[PDB]
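Reviewing the structure listed below.
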Amino acid sequence: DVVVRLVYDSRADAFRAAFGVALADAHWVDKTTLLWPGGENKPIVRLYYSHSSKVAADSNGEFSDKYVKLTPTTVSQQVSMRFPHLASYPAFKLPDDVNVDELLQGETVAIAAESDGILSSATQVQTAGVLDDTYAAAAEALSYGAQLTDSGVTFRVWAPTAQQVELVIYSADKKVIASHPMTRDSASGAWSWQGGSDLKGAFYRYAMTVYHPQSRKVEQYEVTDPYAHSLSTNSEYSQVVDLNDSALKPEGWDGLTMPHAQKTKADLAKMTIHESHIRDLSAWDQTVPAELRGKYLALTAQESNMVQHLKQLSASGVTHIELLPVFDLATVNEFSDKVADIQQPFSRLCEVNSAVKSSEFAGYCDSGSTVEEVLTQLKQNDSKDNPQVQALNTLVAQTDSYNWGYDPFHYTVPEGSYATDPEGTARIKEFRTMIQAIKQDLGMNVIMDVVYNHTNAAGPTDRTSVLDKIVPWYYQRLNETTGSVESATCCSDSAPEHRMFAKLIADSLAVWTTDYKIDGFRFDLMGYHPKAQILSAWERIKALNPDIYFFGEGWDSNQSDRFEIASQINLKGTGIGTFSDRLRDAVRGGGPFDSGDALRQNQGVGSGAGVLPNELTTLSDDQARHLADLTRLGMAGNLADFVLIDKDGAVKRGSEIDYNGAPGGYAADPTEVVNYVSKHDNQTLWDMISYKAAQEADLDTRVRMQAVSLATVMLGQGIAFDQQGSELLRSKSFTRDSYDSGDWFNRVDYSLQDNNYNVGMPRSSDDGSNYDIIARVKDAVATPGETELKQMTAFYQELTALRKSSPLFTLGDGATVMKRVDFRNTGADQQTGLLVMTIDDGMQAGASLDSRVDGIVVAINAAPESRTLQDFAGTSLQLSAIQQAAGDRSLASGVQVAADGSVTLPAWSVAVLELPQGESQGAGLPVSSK
Ligand SMILES: OC[C@H]1O[C@H](O[C@H]2[C@H](O)[C@@H](O)[C@@H](O[C@H]3[C@H](O)[C@@H](O)[C@@H](O)O[C@@H]3CO)O[C@@H]2CO)[C@H](O)[C@@H](O)[C@@H]1O
Ligand SMILES: OC[C@H]1O[C@H](O[C@H]2[C@H](O)[C@@H](O)[C@@H](O[C@H]3[C@H](O)[C@@H](O)[C@@H](O)O[C@@H]3CO)O[C@@H]2CO)[C@H](O)[C@@H](O)[C@@H]1O
Ligand SMILES: [Mg+2]
Ligand SMILES: [Mg+2]
Ligand SMILES: [Mg+2]
Ligand SMILES: [Mg+2]
C-alpha cells in the first residue's frame with residue numbers, strides 16, 4: 001500500500017507542521033464505525049495509532065506509524081439512535097478483525113490522503129462511543145470502589161484505556177506503604193485488586209499510566225477513587241470504609257424513619273421545602289456553640305436560636321429541609337490553617353491570603369481588628385462610587401470557608417469542611433448525626449441538592465480533575481470539532497449520556513439513599529441529563545426506597561440535538577418534578593437576567609404590577625392580567641390540561657397560556673411542579689420587592705407584599721419550595737449571585753435584629769451594572785427590624801399552617817385538581833390583582849377528603865384597595881379559624897364576611913375561607929362548566 005506523506009530549521013519543515021494533526025473531529029463511535037468529515041470523498045482514509053508517542057510524520061513527510069484501513073460506509077440505525085448529532089457525518093468502516101483494545105491504549109489519529117498518498121487533514125479521535133460499545137455492558141455488571149467484604153476488600157476502578165494501574169496504599173501519615181499492580185479484566189476494562197480486611201481505614205490512590213488526548217501524552221499520576229466513600233482532609237487521598245460500621249452511626253440510626261409520608265401523590269403534594277446551607281444556618285448564630293458554627297452538628301444545638309426557629313417552622317408546616325451541596329465540594333480548603341473567616345483577626349487573613357496582603361487593605365494586617373469589624377466600619381462610606389465592602393469581601397472570598405459548593409470533587413463522600421474533623425471517617429458519623437437530628441428532633445424530611453451535570457475540573461493537570469484523569473475524554477461532554485470540554489453548565493460539563501457515568505450517578509444516589517437515608521434529590525441543571533437516564537436512575541433508586549422523590553431544574557439545556565433532555569416539557573407524566581419558572585416570574589416580576597432599570601420596571605403580581613406602579617414601569621393592565629393568568633395556573637399546579645378563563649375571557653387550557661413563547665402549563669400532576677418565589681439563585685424575594693415596589697409602598701406594605709407573594713406558593717397545588725430566611729425578609733444587599741459572597745452577604749440573623757439589608761453594595765463584577773438602580777431604590781423605606789421580622793415569621797407560619805391543615809390544598813393528582821379547583825374574578829372585567837381560587841369538597845367532586853369542610857376559598861388581594869366579592873353570597877362561608885385566631889396579626893386582619901356571604905378583603909391581604917361540613921357532605925363549590 002501507499003505511504004501517506006506530508007521554531008523550525010527550514011521553511012520546508014515549518015510548512016510540514018502546518019499539515020499536521022489539528023482539532024479532534026473524528027468520532028470512533030462503535031467497534032467498526034468511525035465518523036469524520038475530513039475523510040469525505042477521499043481515496044485514502046486510515047486510522048493511525050501509536051502506543052507510546054504521538055502519531056507523527058517521520059523525517060521525510062512519511063506516516064510510518066501502524067494504521068488501519070477505513071472504507072466508506074453509511075451510518076447504521078444503531079449509531080444514529082445513539083448519536084443523532086453525528087448522524088450527518090461521513091461514516092467509515094473498520095475491518096471487523098481490528099484489535100480495538102490495542103488501539104485504545106494510546107493515541108489514535110484519523111488521517112486522509114489523496115490517490116497519490118498526499119495528506120489533506122489529520123485529526124484526533126473521540127473514543128467515548130467505542131468505549132461504551134466495547135466495554136460498557138461488561139463494566140456495568142461490576143461494582144466499583146474500595147469494597148470491604150467478608151473475605152477482606154476488593155478494589156475496582158474502570159480504566160479501559162489505561163496502560164497500567166497500581167493501587168497505592170498510604171499510612172495515616174501519608175507515607176507509601178505498598179504499591180500493587182492491579183489486575184485488568186479484558187472484557188470490561190476494569191482493574192481490580194483483592195486483599196485482606198486489614199486494609200479497613202487505609203488511605204489509597206490509583207497510580208495511572210494513561211494517554212490523555214488533551215496533552216497527547218501518556219500521563220503518570222495518582223488519582224483518588226471516583227467511587228470514594230471516605231477521604232482524607234481536602235480530598236487528597238481516598239479511604240477504605242464500610243459505611244455499615246456501627247462506629248460510623250449515631251445511636252438508633254438503623255431505625256430512623258422518614259417523618260413525612262411520600263408514598264402517594266397526595267402525600268407528595270404536602271411537601272413544603274426550606275432550602276438551606278450549612279453556613280447560612282449557623283455561621284452567625286452566637287447561640288450555637290462556637291466550635292459547631294458552620295458545621296453539620298450545629299443542627300444538634302437544640303437550645304440555639306437557629307434550631308428553635310427551625311423547630312417552630314416544622315411545627316407550623318415546613319416539612320422538608322433541602323441542603324445545598326453537602327457532597328464533597330472543591331472550593332473550600334479543608335485544611336483549617338489555610339482558611340480565614342470574617343470572625344477571625346485580620347492578621348490571620350493576611351497570613352493566609354497574599355491578595356489581601358498586597359491590596360489597599362494591607363494596613364489592616366497589624367491592626368487588632370477582626371475582618372468582620374473592618375467590614376463593619378467600611379459600611380458607613382460604602383456606596384456606588386466607593387464599593388469598599390465588596391472590594392474587601394471579594395478578597396476574603398478566596399480563602400474563607402464559604403461557598404454554595406456547586407463544585408463537585410467527589411460525588412459520594414460528605415463535604416469535609418462542614419465536619420469538626422475533616423481527616424478520615426469522622427465526617428460520616430457527624431453527617432448522619434445531622435440527618436438524624438433533622439428527621440427525629442426537627443421532624444422534617446431531607447432533600448439533597450446533587451450536581452451530576454458537571455465536574456469541578458477536567459484535563460490531566462488540575463488537582464480536582466478526577467474522572468477525566470482516569471478515563472480521559474469519556475466522562476465529560478466535548479465539542480464535536482475541537483474535543484474541548486464544554487462549559488455550558490458553568491464548569492466542566494459531564495456526559496450522563498455515557499453508560500458508565502450514568503452508572504456512577506445511580507450508584508452514588510444508591511449510597512445517599514441507603515447509607516445516608518436521604519428522602520429526595522434535587523438535580524442541578526437536570527436538563528443536561530437525558531430523560532432516559534434520570535428515569536433509569538429513578539427506577540433503580542425506587543428499588544431501594546420506594547418513596548424516594550426526584551426533582552430538578554428542567555430548563556432547556558440546548559442538548560436536544562444529542563438526546564431527549566430531562567426538561568419540564570419532556571418529563572410530563574413521569575412523576576419527576578421540575579421547578580416552575582411560570583408562577584415564579586409572574587409573582588416576582590421580570591426574570592433572572594434582568595439588569596439596570598428593568599429590575600425596577602418589571603413589577604410582579606406580588607409587587608403591584610398594574611395596581612401600584614412605580615415611577616419607571618410601563619406595564620399595561622393587559623400585561624398585569626397575563627401575569628395573574630400564569631399565577632392562577634400555577635396555583636392550580638401548572639397543569640397542561642387545566643381549563644381556566646384567561647384575561648380576555650377566553651377558555652384556555654394551561655398549555656395555551658403563553659410563558660415567553662412557551663406553553664405555560666406543562667405538567668400532568670401538580671406533584672411534577674415545584675412552585676417558588678425565592679431560591680438561593682438570583683435576588684431574594686425581599687430584594688426583588690425593594691427593586692420593584694412603588695416609592696409610596698411603606699415598610700408594612702412591603703412585608704405584606706412578601707407574604708402575599710409567598711401565599712401564591714404556599715396555598716397552591718404545586719409542591720411548595722422556598723429559600724431559607726424568606727420568613728425573615730432575608731436580604732443579600734441586592735446580590736444576585738451570592739455563591740462566593742461569604743458570610744457577610746449571605747447572613748441570616750436568627751436573633752432577629754435585621755434582615756441583612758443595606759450592608760454594602762454587592763459584588764461589582766456581576767452587579768456593578770445595577771449600582772445605579774440600587775442607589776435609587778435602596779433607601780426608600782427603613783430596614784426591617786425585630787418587629788417586622790416577627791410579623792413576617794407569623795405571616796409565614798400562618799400560610800404553612802393553612803397548607804398543612806387540609807388535604808384540599810394538596811390534591812396530588814392532576815385529574816383531581818381538574819375536578820375540584822376553579823377560579824373566580826377572571827376575564828376582562830376582573831379586579832386586577834385579586835386571585836380567588838376555589839377547591840371543591842362537595843358531592844359533585846366525589847368523596848369528602850376533609851370531614852371539617854365542604855369547600856375552601858383562597859383569596860389573595862395583591863392590591864392597595866379593599867375588594868368585595870359577591871361570588872359566595874347565600875353560602876355559609878366562614879373565615880378559617882387559624883386566621884381568626886391570629887387576630888390583627890393575621891394576613892386576614894380586617895377581612896369581613898357579611899351575613900349574606902359577601903366577603904371584603906383589605907389591601908395586601910390573604911384570606912382562606914371554608915364551607916363548614918354538617919351531618920352529610922354538602923353541595924360545596926362545584927367547578928364551573930366551560
Ligand atoms: O469558578 C467556577 C464557576 O464559578 C461560578 O459558577 C457558579 C455560579 O455562579 C453559581 O451561581 C452556581 O451556579 C449553579 C446554580 O446555583 C444552581 O442552582 C444551578 O443552576 O446550577 C448552577 C451551576 O451549577 O455555581 C456555579 C459553580 O460554582 C462562575 O459563575 C463560573 O463562571 C465559574 O466557572
Ligand atoms: O450555570 C451558571 C449560572 O448559574 C446561575 O444561573 C441560573 C439561573 O440563576 C437560574 O434561574 C436558571 O436560569 C433559568 C431560568 O430560571 C429559566 O426561566 C429559563 O430561562 O432558563 C434559565 C436557564 O437557561 O439557571 C441558570 C443556570 O444555572 C447563576 O445565577 C448564573 O450567574 C451562573 O452563570
Ligand atoms: Mg471538600
Ligand atoms: Mg469562598
Ligand atoms: Mg452541542
Ligand atoms: Mg368535606
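Following the order of the C-alpha cells, first chain is A, next is B, and so on, with residues numbered from 1 inside each chain and ligands from 1 in the order they appear.
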
For this session: Looking only at strand (DSSP E) from DSSP on the backbone, list the matching residues of region 697-791 of chain A as a ChimeraX atom specification.
Result: /A:719-723

Exercise. Would you name the residues within 6 Å of ligand 1, counting only C-alpha atoms and all ligand atoms, and put them as a ChimeraX atom specification?
Worked result: /A:406-407,489-491,524-525,681,737,739

Selected residues, N, CA and C atoms, written as a PDB file, in the first residue's frame, please.
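result_2.pdb, written as the output of this step:
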```
ATOM      1  N   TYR A 406     -21.380  24.226  44.375  1.00  0.00           N
ATOM      2  CA  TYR A 406     -21.752  23.573  43.119  1.00  0.00           C
ATOM      3  C   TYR A 406     -20.513  23.202  42.313  1.00  0.00           C
ATOM      4  N   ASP A 407     -19.571  22.542  42.987  1.00  0.00           N
ATOM      5  CA  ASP A 407     -18.194  22.373  42.515  1.00  0.00           C
ATOM      6  C   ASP A 407     -17.752  20.963  42.890  1.00  0.00           C
ATOM      7  N   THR A 489     -22.611  24.449  31.559  1.00  0.00           N
ATOM      8  CA  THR A 489     -23.152  24.366  32.866  1.00  0.00           C
ATOM      9  C   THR A 489     -22.640  25.401  33.808  1.00  0.00           C
ATOM     10  N   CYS A 490     -21.430  25.874  33.524  1.00  0.00           N
ATOM     11  CA  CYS A 490     -20.611  26.826  34.265  1.00  0.00           C
ATOM     12  C   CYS A 490     -19.156  26.377  34.264  1.00  0.00           C
ATOM     13  N   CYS A 491     -19.009  25.079  34.378  1.00  0.00           N
ATOM     14  CA  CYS A 491     -17.755  24.460  34.628  1.00  0.00           C
ATOM     15  C   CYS A 491     -17.272  23.405  33.616  1.00  0.00           C
ATOM     16  N   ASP A 524     -29.395  19.391  40.090  1.00  0.00           N
ATOM     17  CA  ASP A 524     -28.907  20.597  39.452  1.00  0.00           C
ATOM     18  C   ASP A 524     -28.897  20.430  37.936  1.00  0.00           C
ATOM     19  N   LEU A 525     -29.373  21.459  37.227  1.00  0.00           N
ATOM     20  CA  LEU A 525     -29.339  21.524  35.758  1.00  0.00           C
ATOM     21  C   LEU A 525     -29.684  20.175  35.125  1.00  0.00           C
ATOM     22  N   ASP A 681     -30.530  30.966  44.140  1.00  0.00           N
ATOM     23  CA  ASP A 681     -30.160  31.669  42.918  1.00  0.00           C
ATOM     24  C   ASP A 681     -30.945  32.960  42.770  1.00  0.00           C
ATOM     25  N   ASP A 737     -26.053  36.846  42.647  1.00  0.00           N
ATOM     26  CA  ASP A 737     -25.461  35.507  42.560  1.00  0.00           C
ATOM     27  C   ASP A 737     -24.439  35.410  43.688  1.00  0.00           C
ATOM     28  N   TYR A 739     -22.986  32.996  45.478  1.00  0.00           N
ATOM     29  CA  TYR A 739     -22.335  31.704  45.732  1.00  0.00           C
ATOM     30  C   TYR A 739     -20.992  31.830  46.431  1.00  0.00           C
TER      31      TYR A 739
END
```

For this session: Name each residue within 9 Å of ligand 2, counting only C-alpha atoms and all ligand atoms, as number ranges by chain.
Result: A: 487-491, 524-525, 553-558, 579-582, 584-585, 591-593, 679-682, 736-739, 766

Problem set entry | ligand 6 neighbours within 8 Å using only C-alpha atoms and all ligand atoms, as a list in words | residues 841, 842, 847, 848, 849, 850, 851, 852, 853, 854, 855, 917, 921 and 922 of chain A

For this session: Find the residues near residue 726 (chain A): any atom within 8 Å, counting only C-alpha atoms, skip ones fewer than 3 places away on the same chain, and give them as a list in words.
Result: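 The contact residues come out as residues 678, 684, 685, 686, 722, 723, 729 and 730 of chain A.
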
Grab the residues selected above and save them as an mmCIF file, in the first residue's frame with C-alpha atoms.
```cif
data_model
loop_
_atom_site.group_PDB
_atom_site.id
_atom_site.type_symbol
_atom_site.label_atom_id
_atom_site.label_comp_id
_atom_site.auth_asym_id
_atom_site.auth_seq_id
_atom_site.Cartn_x
_atom_site.Cartn_y
_atom_site.Cartn_z
ATOM 1 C CA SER A 678 -37.276 32.723 46.193
ATOM 2 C CA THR A 684 -34.019 37.261 47.351
ATOM 3 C CA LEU A 685 -37.742 37.972 47.346
ATOM 4 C CA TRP A 686 -37.197 40.956 49.673
ATOM 5 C CA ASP A 722 -38.750 28.447 49.460
ATOM 6 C CA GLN A 723 -35.383 29.912 50.383
ATOM 7 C CA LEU A 729 -37.408 39.021 54.881
ATOM 8 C CA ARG A 730 -33.910 37.806 54.002
#
```

For this session: Around ligand 3, at most 12 Å away and counting only C-alpha atoms and all ligand atoms, which residues are there? Put them as an MDAnalysis selection string, please.
Result: chainID A and resid 230:237 325:336 401:419 422:423 427 456 464

Problem set entry | DSSP alpha helix (DSSP H) residues within region 314-370 of chain A, as a list in words |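 DSSP-assigned alpha helix (DSSP H) residues in region 314-370 of chain A: residues 314, 315, 346, 347, 348, 349, 350, 351, 352, 354, 355, 356 and 357 of chain A.
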
For this session: Would you kindly return, as a list in words, each protein, DNA or RNA residue with an atom no farther than 8 Å from any atom of residue 904 (chain A), considering only C-alpha atoms and excluding same-chain residues fewer than 3 positions away?
Result: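 Close residues of residue 904 (chain A): residues 866, 867, 868, 869, 895, 896 and 897 of chain A.
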
For this session: Write out as a count of residues only each polymer residue whose atoms come within 12 Å of region 779-784 of chain A, counting only C-alpha atoms; drop sequence neighbours fewer than 4 positions from it.
Result: 41

How close does chain A get to ligand 5? List, as JSON lines, each residue of chain A within 8 Å, its nearest atom pair and the distance in Å to one decimal, counting only C-alpha atoms and all ligand atoms.
```
{"residue": "A:479", "atom": "CA", "partner": "ligand 5", "partner_atom_place_in_ligand_line": "1 (Mg)", "distance": 6.7}
{"residue": "A:480", "atom": "CA", "partner": "ligand 5", "partner_atom_place_in_ligand_line": "1 (Mg)", "distance": 7.6}
{"residue": "A:558", "atom": "CA", "partner": "ligand 5", "partner_atom_place_in_ligand_line": "1 (Mg)", "distance": 6.8}
{"residue": "A:559", "atom": "CA", "partner": "ligand 5", "partner_atom_place_in_ligand_line": "1 (Mg)", "distance": 5.9}
{"residue": "A:561", "atom": "CA", "partner": "ligand 5", "partner_atom_place_in_ligand_line": "1 (Mg)", "distance": 7.0}
{"residue": "A:562", "atom": "CA", "partner": "ligand 5", "partner_atom_place_in_ligand_line": "1 (Mg)", "distance": 7.3}
```

Resulting file, chosen residues, N, CA, C and O atoms, as a PDB file, in the first residue's frame:
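Saved result, result_6.pdb, follows:
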```pdb
ATOM      1  N   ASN A 479     -16.877  19.299  22.720  1.00  0.00           N
ATOM      2  CA  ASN A 479     -17.248  19.886  21.441  1.00  0.00           C
ATOM      3  C   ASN A 479     -16.919  18.908  20.315  1.00  0.00           C
ATOM      4  O   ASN A 479     -15.858  18.271  20.313  1.00  0.00           O
ATOM      5  N   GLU A 480     -17.846  18.791  19.355  1.00  0.00           N
ATOM      6  CA  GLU A 480     -17.741  17.771  18.310  1.00  0.00           C
ATOM      7  C   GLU A 480     -16.552  17.986  17.390  1.00  0.00           C
ATOM      8  O   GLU A 480     -16.105  17.033  16.740  1.00  0.00           O
ATOM      9  N   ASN A 558     -30.170  23.096  25.714  1.00  0.00           N
ATOM     10  CA  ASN A 558     -29.645  23.102  24.351  1.00  0.00           C
ATOM     11  C   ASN A 558     -28.917  21.811  23.996  1.00  0.00           C
ATOM     12  O   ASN A 558     -28.056  21.805  23.115  1.00  0.00           O
ATOM     13  N   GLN A 559     -29.251  20.711  24.669  1.00  0.00           N
ATOM     14  CA  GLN A 559     -28.694  19.406  24.341  1.00  0.00           C
ATOM     15  C   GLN A 559     -29.650  18.523  23.541  1.00  0.00           C
ATOM     16  O   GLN A 559     -29.347  17.346  23.331  1.00  0.00           O
ATOM     17  N   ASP A 561     -30.230  18.186  20.505  1.00  0.00           N
ATOM     18  CA  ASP A 561     -29.655  17.565  19.320  1.00  0.00           C
ATOM     19  C   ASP A 561     -28.969  16.239  19.632  1.00  0.00           C
ATOM     20  O   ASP A 561     -28.833  15.404  18.732  1.00  0.00           O
ATOM     21  N   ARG A 562     -28.564  16.019  20.884  1.00  0.00           N
ATOM     22  CA  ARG A 562     -27.832  14.819  21.275  1.00  0.00           C
ATOM     23  C   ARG A 562     -28.712  13.734  21.873  1.00  0.00           C
ATOM     24  O   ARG A 562     -28.380  12.547  21.750  1.00  0.00           O
TER      25      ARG A 562
END
```

Exercise. Contacts of residue 713 (chain A) at 8 Å or less, counting only C-alpha atoms, minus same-chain residues fewer than 6 places along, as a VMD selection string?
Worked result: chain A and resid 635 675 to 677 720 to 721

Would you put the residues from that selection into a file with N, CA and C atoms, as a PDB file, in the first residue's frame?
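The result, stored in again-v8.pdb:
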```
ATOM      1  N   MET A 635     -51.053  28.213  40.762  1.00  0.00           N
ATOM      2  CA  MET A 635     -51.750  27.819  41.981  1.00  0.00           C
ATOM      3  C   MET A 635     -52.564  26.556  41.779  1.00  0.00           C
ATOM      4  N   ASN A 675     -43.324  24.989  42.793  1.00  0.00           N
ATOM      5  CA  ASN A 675     -43.509  26.436  42.754  1.00  0.00           C
ATOM      6  C   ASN A 675     -42.602  27.124  43.766  1.00  0.00           C
ATOM      7  N   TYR A 676     -42.170  28.339  43.421  1.00  0.00           N
ATOM      8  CA  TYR A 676     -41.336  29.123  44.331  1.00  0.00           C
ATOM      9  C   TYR A 676     -41.301  30.574  43.892  1.00  0.00           C
ATOM     10  N   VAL A 677     -41.032  31.451  44.863  1.00  0.00           N
ATOM     11  CA  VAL A 677     -40.746  32.854  44.605  1.00  0.00           C
ATOM     12  C   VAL A 677     -39.412  33.304  45.190  1.00  0.00           C
ATOM     13  N   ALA A 720     -44.458  23.107  47.292  1.00  0.00           N
ATOM     14  CA  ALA A 720     -44.042  24.432  47.736  1.00  0.00           C
ATOM     15  C   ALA A 720     -42.565  24.422  48.101  1.00  0.00           C
ATOM     16  N   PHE A 721     -41.820  25.381  47.563  1.00  0.00           N
ATOM     17  CA  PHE A 721     -40.381  25.481  47.776  1.00  0.00           C
ATOM     18  C   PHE A 721     -40.051  26.921  48.127  1.00  0.00           C
TER      19      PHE A 721
END
```

For this session: Write out as an NGL selection string the residues lying within 8 Å of residue 597 (chain A), counting only C-alpha atoms and excluding same-chain residues fewer than 4 positions away.
Result: :A and (601 or 616 or 770 or 773)

Problem set entry | Nearest to residue 740 (chain A) by atom-to-atom distance, counting only C-alpha atoms, from A:671, A:805, A:765, A:143 |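 Nearest candidate to residue 740 (chain A) out of A:671, A:805, A:765, A:143: A:765.
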
Exercise. In terms of the shortest atom-to-atom distance over only C-alpha atoms and all ligand atoms, which of A:340, A:903, A:365, A:159 is closest to ligand 4?
Worked result: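 Among the listed residues, A:340 lies closest to ligand 4.
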